[PDB]
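Take a look at the structure set out below.
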Amino acid sequence: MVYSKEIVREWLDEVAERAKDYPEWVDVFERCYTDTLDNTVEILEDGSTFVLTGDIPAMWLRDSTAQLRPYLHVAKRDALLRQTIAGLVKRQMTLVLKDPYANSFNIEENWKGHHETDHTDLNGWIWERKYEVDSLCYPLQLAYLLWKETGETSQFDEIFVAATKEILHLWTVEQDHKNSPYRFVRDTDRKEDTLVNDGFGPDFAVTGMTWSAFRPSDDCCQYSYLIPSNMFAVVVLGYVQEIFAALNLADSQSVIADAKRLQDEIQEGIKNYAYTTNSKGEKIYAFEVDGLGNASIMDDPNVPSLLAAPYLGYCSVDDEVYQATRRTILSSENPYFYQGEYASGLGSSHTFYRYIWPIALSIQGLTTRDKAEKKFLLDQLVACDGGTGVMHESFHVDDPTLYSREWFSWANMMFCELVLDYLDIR
Ligand SMILES: OC[C@H]1O[C@H](OC[C@H]2O[C@@H](O)[C@@H](O)[C@@H](O)[C@@H]2O)[C@@H](O)[C@@H](O)[C@@H]1O
């Protein structure tokens with residue numbers, strides 16, 4: 001029992017009626033919305049919620065949050081699903097305590113996943129131990145949004161408090177990666193899947209920002225300060241201060257101060273190091289910097305991205321530097337911007353050349369005030385599905401029957417996000 005079929009069907013009817021002029025949107029929305037709930041979510045022995053990604057049979061801290069986020073609206077009516085989502089926070093925080101450096105986790109201590117190729121400290125709960133700053137943002141974001149959307153507070157238990165302390169500590173240690181206990185080397189010929197310098201990663205200076213090993217694409221950072229994830233960290237560090245103050249949790253005074261101090265330092269770090277200049281001389285955000293003067297000009301479709309900055313709450317969609325960044329990202333000045341017969345959009349080091357991501361099309365829609373652009377991107381999302389009726393990881397710009405990931409629940413849910421945004425559902 002993860003949700004109430006009766007309440008969810010009624011909410012869907014209400015959505016379908018709001019979107020009645022777009023039957024093509026509705027069919028895709030319902031297929032995607034139903035799939036996540038019936039096929040990716042399960043309640044464990046201990047009453048917590050394990051959420052798998054889809055066609056990779058493991059749980060990402062990133063994916064699992066984005067997967068359940070659109071259910072917050074109906075969770076205001078469906079108290080059972082509200083519990084389910086509180087159980088996901090509970091599972092996430094428990095797994096953070098298991099290993100706060102891992103992106104991905106198993107259903108139990110079973111040693112499924114990548115241990116055989118991977119040289120790092122491991123245990124049987126870990127699917128792979130690729131450290132991505134945003135992996136630790138997402139569970140704090142889910143906890144906060146569950147609280148604000150529904151009023152639920154049961155997720156804020158001793159596990160939550162301990163996991164928050166772990167995150168703050170790890171983020172602090174990673175303000176100077178020289179003190180880090182984390183190393184990762186994978187037996188592979190694909191360099192994006194391992195860390196240079198015998199697992200240490202590329203050179204950097206201290207900036208005040210917090211170091212990451214890998215991106216939310218699961219490919220490794222070129223430079224260690226990944227600006228979108230540090231943007232996300234600043235936001236969720238605000239949530240930490242709100243939750244601890246509103247709820248008088250254990251050690252509130254010390255946690256609020258530690259979180260505030262880290263937030264200020266990461267924010268000062270962004271200010272001092274995160275900006276570069278485009279071909280036209282405009283100030284823009286860099287994607288990755290090292291603090292030694294290198295700064296890449298690009299964006300990757302995975303969230304957190306530069307494109308997603310207003311979506312994650314870091315800045316206003318109206319911000320001048322964001323807008324200049326956006327124009328640079330959605331142009332050939334970005335080496336990952338691809339243009340074909342069916343669509344133009346964002347590819348990734350992680351996917352085949354010429355393949356662009358539905359997640360970034362959705363985010364592009366979510367980060368413009370322009371309703372005609374939202375409607376265009378929705379129509380294109382539906383038209384570039386290879387006749388499947390669901391969202392893929394990536395599809396060829398010249399032929400969307402060429403795609404990756406048959407079953408990618410996170411991407412299905414980002415399509416849902418944009419439809420809800422279009423119908424003014426928030
Ligand atoms: O982002 C998911 C996943 O992407 C890469 O591996 C994809 C896929 O490769 C297969 O050969 C197999 O290893 C399967 O288990 C794996 O999911 C890679 O970057 C990986 O680290 C990452 O988890």
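For the reader, a short list of remarks on this structure follows.
- A single entry from 160, 156 fulfils the requirement of being more than 16 Å from the ligand (Cβ to nearest atom), farther than 27 Å from residue 300 by Cβ and not in a loop (DSSP other than H, G, I, E, B): 160.
- Scope segment 392-424; condition in contact with a helix residue (DSSP H, G or I) (Cβ under 7 Å, 6 or more places away or on another chain), in a loop (DSSP other than H, G, I, E, B) and touching a residue at least 60 places away in the same chain (Cβ under 8 Å); matching residues: 423
- Residue in segment 244-255 that is out of contact with any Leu (no Cβ under 7 Å at 6 or more places or on another chain), surrounded by 24 or more Cβ atoms within 10 Å (Cβ to Cβ) and over 20 Å from residue 169 (Cβ atoms) present: no
- Qualifying residue in segment 353-372 (condition: out of contact with any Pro (no Cβ under 9 Å at 6 or more places or on another chain) and under 23 Å from residue 35 (Cα atoms)): yes
- Residues being within 16 Å of the ligand (Cβ to nearest atom), of a type in the set (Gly, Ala, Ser) and in contact with a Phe, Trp or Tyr (Cβ under 6 Å, 6 or more places away or on another chain) - total across segment 209-262: 1
- Selection from segment 116-149 of residues that are assigned to a helix (DSSP H, G or I) and surrounded by fewer than 24 Cβ atoms within 10 Å (Cβ to Cβ): 141, 144, 145, 147, 148, 149
- Residue that is surrounded by the most Cβ atoms within 10 Å (Cβ to Cβ) [pool: residues in segment 166-208 that are within 16 Å of the ligand (Cβ to nearest atom) and among the acidic types (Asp, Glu)]: 193
- Only listed residue being surrounded by fewer than 24 Cβ atoms within 10 Å (Cβ to Cβ), over 27 Å from residue 426 (Cα atoms) and touching a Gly at 6+ places or on another chain (Cβ under 7 Å), chosen from 158, 109: 109
- Those residues of segment 340-391 which are touching a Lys or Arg at 6+ places or on another chain (Cβ under 9 Å), within 30 Å of residue 194 (Cα to Cα) and not in a loop (DSSP other than H, G, I, E, B), in sequence order: 364
- Residue satisfying all of: in segment 176-230; charged (D, E, K, R) and outside any loop (DSSP other than H, G, I, E, B); farthest from residue 295 (Cα to Cα) among these: 186
- Odd one out for residue 260, checked against (1) assigned to a loop (DSSP other than H, G, I, E, B); (2) farther than 27 Å from residue 354 by Cβ; (3) among the basic types (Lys, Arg): (1)
- If you go through segment 286-296 and keep only what is part of a loop (DSSP other than H, G, I, E, B) and either farther than 21 Å from residue 353 by Cα or touching a strand residue (DSSP E or B) at 6+ places or on another chain (Cβ under 6 Å) (or both), you end up with 286, 290, 291, 292, 293, 294, 296.
- Condition met for residue 75 (small (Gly, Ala, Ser) and either in contact with a strand residue (DSSP E or B) (Cβ under 6 Å, 6 or more places away or on another chain) or more than 16 Å from the ligand (Cβ to nearest atom) (or both)): yes
- Filtering segment 312-337 to residues that are closer than 24 Å to residue 355 by Cβ, in contact (Cβ under 8 Å) with a residue 40 or more places away in the chain and buried (at least 21 other Cβ atoms within 10 Å of the Cβ) leaves 325, 326, 328.
- Unmet requirement for residue 306, which otherwise passes all of (1) away from the ligand (no atom under 16 Å from the Cβ); (2) assigned to a loop (DSSP other than H, G, I, E, B); (3) under 28 Å from residue 34 (Cα atoms); (4) not charged (D, E, K, R): (3)
- Segment 113-133 residues that are within 11 Å of the ligand (Cβ to nearest atom), paired with ones that are basic (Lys, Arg) (beta carbon under 8 Å, 6 or more apart): 114/186; 117/186; 118/129; 118/186; 127/112; 132/62; 132/215
- Qualifying positions in segment 5-44 - over 19 Å from residue 423 (Cβ atoms) and more than 27 Å from the chain's Cα centre (by Cα): 5, 6
- Evaluation of residue 108 against (1) of a type outside the set (A, V, I, L, M, F, W, C); (2) closer than 16 Å to residue 143 by Cα; (3) assigned to a loop (DSSP other than H, G, I, E, B) (one fails), failing number: (2)
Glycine also receives a Cβ, built like all others from the backbone with ideal geometry; neighbour counts cover every protein chain displayed. Any read-out appearing in this document is the output of simple, stated calculations on the displayed coordinates, not a laboratory observation.
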